[PDB]
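Below: one structure, written as structure tokens.
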2 protein chains.
Amino acid sequence: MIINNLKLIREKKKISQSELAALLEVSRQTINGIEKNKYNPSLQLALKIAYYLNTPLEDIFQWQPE
Amino acid sequence: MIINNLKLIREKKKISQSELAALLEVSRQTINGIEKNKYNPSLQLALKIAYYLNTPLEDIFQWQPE
């Protein structure tokens with residue numbers, strides 16, 4: 001479903017969990033938790049992740065049938 | 001936060017709450033529930049909502065500093 005493949009993008013740019021999380025102003029554990037199973041980020045926060053991370057939602061959040 | 005002011009966009013094109021929800025493959029209850037206050041949509045689903053709705057997430061989910 002969500003897949004939360006943000007980390008792949010993060011490692012893609014060699015991104016650290018701390019930096020974008022710093023950019024997001026949210027806990028690093030949460031951000032690196034989301035890729036695992038942590039409650040999905042709020043839509044604007046997702047926009048922020050995309051906007052600050054500089055990547056479209058689709059790439060960071062994989063598209064699935066569901 | 002999210003605001004979920006999708007409704008306004010949905011009314012804006014005279015979109016049926018039912019129709020996109022069907023496109024999304026989710027209940028109107030949920031889709032029209034989210035705009036009211038129901039749990040925020042799955043991020044991937046959100047992509048789909050904008051995708052079927054044909055409008056950016058930000059329009060439906062406006063930006064709030066937090």
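No value in this document is a laboratory result; all are computed from the given coordinates. Please note: Cβ atoms are built from the backbone with ideal geometry, for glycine as well, and neighbour counts cover all protein chains shown.
Among the residues of the stretch A:28-64, what is the count of those that are facing chain B (nearest Cβ under 8 Å) and either touching a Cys at 6+ places or on another chain (Cβ under 9 Å) or hydroxyl-bearing (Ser, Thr, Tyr) (or both)? Can you show your working first?
So in the stretch A:28-64, the residues facing chain B (nearest Cβ under 8 Å) come out as A:40-44, A:46-47, A:57-58, A:61-64.
Applying the additional criterion that residues be either touching a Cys at 6+ places or on another chain (Cβ under 9 Å) or hydroxyl-bearing (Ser, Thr, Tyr) (or both) yields A:42.
Result for the stretch A:28-64: 1.
Residues that are more than 25 Å from B:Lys38 (Cα to Cα) number at least 2 in the following helices (runs of 4 or more DSSP H) confined to chain A: A:6-12, A:17-24, A:28-34, A:43-53.
Considering the stretch B:14-27, and only residues there that are more than 13 Å from chain A (Cβ to nearest Cβ) and not aliphatic (A, V, I, L, M), the residue that is farthest from A:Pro65 (Cα to Cα) turns out to be B:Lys14. Annotation note: Cβ proximity below 7 Å between a residue of the stretch B:14-42 that is acidic (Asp, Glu) and a residue that is buried (at least 19 other Cβ atoms within 10 Å of the Cβ) (sequence gap 6+ or interchain) occurs for B:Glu35/B:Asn4; B:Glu35/B:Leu6.
If you go through the stretch B:51-58 one residue at a time, do you hit one that is crowded, with 20+ Cβ neighbours inside 10 Å and within 21 Å of A:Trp63 (Cα to Cα)? Before the answer, list the steps.
Restricting attention to the stretch B:51-58, the residues satisfying the condition of being crowded, with 20+ Cβ neighbours inside 10 Å are B:53, B:57.
Filter once more, keeping what is within 21 Å of A:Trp63 (Cα to Cα): B:53, B:57.
Scanning the stretch B:51-58 turns up at least one residue that is crowded, with 20+ Cβ neighbours inside 10 Å and within 21 Å of A:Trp63 (Cα to Cα).
Just a yes or no: is a residue in the stretch B:32-45 touching an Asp or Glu at 6+ places or on another chain (Cβ under 9 Å) and of a type in the set (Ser, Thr, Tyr)? Yes, the stretch B:32-45 contains a residue that is touching an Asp or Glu at 6+ places or on another chain (Cβ under 9 Å) and of a type in the set (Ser, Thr, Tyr).
Conditions tested, residue by residue: (1) on the phi > 0 side of the Ramachandran plot; (2) buried (at least 18 other Cβ atoms within 10 Å of the Cβ).
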residue: B:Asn5; (1), (2): no, no
residue: B:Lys12; (1), (2): no, no
residue: B:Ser16; (1), (2): no, no
residue: B:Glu19; (1), (2): no, no
residue: B:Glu25; (1), (2): yes, no
residue: B:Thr30; (1), (2): no, no
residue: B:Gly33; (1), (2): no, no
residue: B:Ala46; (1), (2): no, yes
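Determine, yes or no, whether A:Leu8 is over 11 Å from the mean Cα position of the chain (by Cα) and of a type in the set (A, V, I, L, M, F, W, C). Reasoning before the result, please.
Details: over 11 Å from the mean Cα position of the chain (by Cα): no; of a type in the set (A, V, I, L, M, F, W, C): yes.
No: the conditions fail for A:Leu8.
For beta carbons closer than 8 Å, sequence separation of 6+ or different chains, a first residue in the stretch B:1-13 that is away from chain A (no Cβ under 11 Å) and a second that is among the hydroxyl-bearing types (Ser, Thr, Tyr) and not in a helix (DSSP H, G or I), the qualifying pairs are B:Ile9/B:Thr55; B:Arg10/B:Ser16.
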